[PDB]
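A short worksheet on the structure shown next.
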Amino acid sequence: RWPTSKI
Amino acid sequence: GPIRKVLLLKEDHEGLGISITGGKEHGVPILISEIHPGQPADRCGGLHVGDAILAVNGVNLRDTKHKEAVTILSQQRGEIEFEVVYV
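Note that the protein sequences, when read in sequence, are chains A and B. At position 2 of the first sequence (counting the first as 1) the number is 1091 in my numbering, and the numbers step up by one without a gap. At position 66 of the second sequence (counting the first as 1) the number is 911 in my numbering, and the numbers step up by one without a gap.
This is the structure in structure tokens:
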């Protein structure tokens, strides 16, 4: 699946 | 939907206030998956979950890998222009 980053 | 230009104002002690997912290595755009309440993206009013981030400050993000986009996005300061589209 796809990664998630909080920015 | 229509491509939109959206202005965000951020102080230096804050992040953008969004979570992003996707990226070129996954065959999809950089997508907003969260807008964190009360942080700069929420306060700017024009960015929403499901928006693809096409560009920031004139830097094309359409063909960028996830971590490339993180580096580019987190580098931006102050008055930050986004080009976004909801599909």
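Beta carbons are placed, not taken as given, at the ideal position from N, Cα and C, and that holds for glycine.
- Using a Cβ-Cβ distance cut-off of 8 Å, the segment 881-894 of chain B and the segment 908-921 of chain B are not in contact, since fewer than three pairs of beta carbons, one from each stretch, lie closer than that value.
- At a Cβ-Cβ threshold of 8 Å, B:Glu928 and B:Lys869 do not count as neighbours.
- DSSP places B:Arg922 outside any beta strand (DSSP E), giving it a letter other than H or E.
- If you look at B:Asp896, you'll find it in the beta strand (DSSP E) that goes 896-901.
- At a cut-off of 8 Å between C-beta atoms, B:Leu861 counts as an interface residue with respect to chain A.
- In the structure shown, B:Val932 falls within a coil segment according to DSSP collapsed to helix, strand and coil.
- Here B:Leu853 is bridged, per DSSP, to B:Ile925.
- In the three-state scheme derived from DSSP, where H, G and I count as helix and E and B as strand, B:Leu876 is classed as strand.
- Residue pairing for B:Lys912: DSSP places it in no beta bridge.
- Legend: CB atoms of the segment 868-882 of chain B lying less than 8 Å from CB atoms of chain A belong to residues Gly868, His871, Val873, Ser878, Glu879, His881.
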